[PDB]
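Below, all heavy atoms of this structure are taken into account, side chains as well, without hydrogens, waters or symmetry copies. For this chain, numbers begin at 1 and follow the sequence in order.
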Amino acid sequence: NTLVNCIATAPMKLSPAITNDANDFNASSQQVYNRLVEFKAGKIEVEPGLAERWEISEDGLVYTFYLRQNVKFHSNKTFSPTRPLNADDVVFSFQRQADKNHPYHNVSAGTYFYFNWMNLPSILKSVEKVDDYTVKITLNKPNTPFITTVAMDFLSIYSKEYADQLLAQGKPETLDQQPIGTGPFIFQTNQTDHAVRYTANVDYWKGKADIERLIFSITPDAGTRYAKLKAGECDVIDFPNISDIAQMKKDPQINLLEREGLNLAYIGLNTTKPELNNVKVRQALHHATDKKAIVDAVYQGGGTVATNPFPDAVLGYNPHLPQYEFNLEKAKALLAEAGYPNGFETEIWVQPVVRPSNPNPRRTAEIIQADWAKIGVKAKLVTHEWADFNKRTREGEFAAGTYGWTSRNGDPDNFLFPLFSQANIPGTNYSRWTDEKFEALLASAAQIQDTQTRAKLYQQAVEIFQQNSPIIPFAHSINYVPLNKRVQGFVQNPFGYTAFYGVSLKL
């Protein structure tokens with residue numbers, strides 16, 4: 001049994017702690033490593049990983065992880081472990097990142113993109129060994145999403161024994177280039193070009209994987225990946241051309257899996273601009289945003305109309321959030337009501353660098369421009385280079401624009417706080433909107449543990465946001481995993497990653 005995974009580009013880094021491109025994770029953390037807790041398959045909730053169990057103190061400040069016993073690291077021709085995983089390995093993995101003086105902190109000229117993106121420098125107070133099987137993590141303030149952060153790829157647990165050996169041997173770089181973990185697959189040290197090869201770990205604590213060998217074959221052309229998948233020369237492909245999706249849905253040889261991405265494409269509105277400061281005007285522009293047309297024209301099937309600022313996989317989703325239905329007549333009337341019988345002139349900043357959240361900002365902008373014009377809003381499309389687009393948006397120069405956001409941990413806090421907190425102006429809160437009650441709900445919700453209590457708080461916060469319409473959500477992208485019919489037991493991951501543990505091959 002050999003699964004062939006055909007990927008578009010060669011993975012740059014085989015070390016999750018120092019990876020920028022989330023696609024590298026599929027070649028390392030996803031097969032070779034484990035985390036303290038792991039996301040349940042297909043879900044955003046966590047379950048025990050290298051921690052067999054954990055406790056959180058009353059105040060939400062202290063996380064205590066009790067480590068699974070008799071977990072072995074892999075070996076290669078350079079390294080054979082003499083002890084099982086313990087707290088030293090966990091402390092090493094966190095501290096390499098958090099402690100600038102740590103001996104491995106600059107190994108590989110490494111940059112801890114995710115540690116910083118998830119705000120651990122400010123959230124994390126300390127990571128301490130209590131005993132060999134107990135790790136105590138203390139936060140600077142309570143943060144419920146932290147438990148899900150711990151399950152993210154960048155917090156994969158490395159072997160300190162291996163790291164100690166390599167430092168002693170004068171080649172610490174090897175830690176990042178020849179990965180050793182506790183995970184379900186072992187990185188084959190003998191490697192060829194245009195491919196990454198793995199073998200099943202017989203000693204894996206969850207039980208040995210069904211598939212004995214994994215080949216990641218670099219196959220740069222989308223059309224070729226598709227062709228080979230039909231041919232059974234690939235079992236899985238990535239970055240399928242959207243043009244091919246419709247026919248893939250008809251192909252007997254293909255099992256096309258799909259689900260909404262944890263992202264949002266929206267029209268941002270600068271609520272400090274004279275006309276856009278007016279809530280009724282914003283509601284009017286919202287009524288004059290043809291979301292179905294946009295999704296239809298722009299995503300060519302690979303997207304869904306957004307009703308909430310996050311998809312229904314996210315905690316707090318509200319299936320009956322009131323909508324500003326597309327109605328130009330109502331839009332123009334609202335504009336008159338707001339004191340603008342002849343509308344006004346404005347700008348729509350077009351995003352110049354395509355992202356998965358929105359594969360065609362230019363066409364998005366054009367559709368909106370045409371409808372807005374019909375209600376007397378004359379919006380010129382404005383082009384900028386990537387860096388300018390971003391910097392002058394953060395600084396509040398824009399009026400309207402085509403923007404997107406992707407959540408990395410999938411928690412409602414990691415949509416609503418970045419987008420709408422006062423603290424993120426100037427910053428990720430492009431619209432500059434704030435509301436005292438809304439901000440209090442976000443803080444309470446981020447600092448409360450109970451799931452259903454959080455969900456109600458988020459639903460309340462989102463209703464306030466919706467009433468004020470500071471941005472106009474229009475789409476979530478759809479992620480696709482095209483599989484050959486032979487592969488069984490693969491579960492699509494909300495974050496987009498591909499894990500092959502638990503997967504089996506027919507025929």
Fill in the blank from the handout: Residues at least two apart in sequence or cross-chain that pass ring pair (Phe, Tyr, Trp, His ring centres under 6.0 Å) with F73, listed by chain then number, are none
Problem - Full working for salt bridge (charged side-chain N to carboxylate O under 4.0 Å, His left out) between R35 and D153 - result: CA-CA 7 Å; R35 277 60 59 191; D153 300 67; 5.1 Å; no
Handout entry: Pair listing, disulfide bond (SG atoms under 2.5 Å apart) test, anchored in residues 2-61, at least two apart
Key =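 For residues 2-61: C6-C234.
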Gap separating the [atom1] atom of [X] from the [atom2] atom of [Y], nearest 0.5 angstrom:
X	Y	atom1	atom2	value
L85	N70	CG	CG	10.5 Å
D435	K437	CG	NZ	9.5 Å
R197	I186	CZ	CD1	16.0 Å
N140	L124	CG	CG	8.0 Å
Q447	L139	CD	CG	10.5 Å
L262	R408	CG	CZ	12.5 Å

Pair [X], [Y]: side-chain N/O donor-acceptor within cut-off below 3.5 Å:
X	Y	result
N318	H320	yes
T498	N26	yes
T138	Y63	no
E439	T434	no
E161	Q165	no
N424	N429	no
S407	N414	yes
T304	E260	yes
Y458	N308	no
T134	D131	yes
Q31	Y501	no

Inspect the surroundings of [atom1] in [X] and state if more than 12 heavy atoms from other residues, nucleotides or ligands are less than 6.0 Å away.
X	atom1	result
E55	CD	yes
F239	CZ	no
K141	NZ	no

So that I know where these two stand, are [X] and [Y] an aromatic pair - ring centroids less than 6.0 Å apart?
X	Y	value
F154	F113	no
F389	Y403	yes
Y114	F25	yes
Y266	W405	no

Is it true that [X] and [Y] make a salt bridge, defined as a side-chain N closer than 4.0 Å to a carboxylate O?
X	Y	result
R96	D176	yes
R83	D89	yes
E52	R68	no

Exercise for the section: Start with the C-alpha gap between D411 and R454, add the side-chain angles, then the distance that decides, and say whether salt bridge (charged side-chain N to carboxylate O under 4.0 Å, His left out) holds. Expected result: CA-CA 11 Å; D411 193 274; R454 300 188 74 218; 2.9 Å; yes
Handout entry: Ring-face cation contact, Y226 with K230, 6.0 Å cut, 45° max
Key =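 The answer is yes, since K230 meets both limits relative to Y226.
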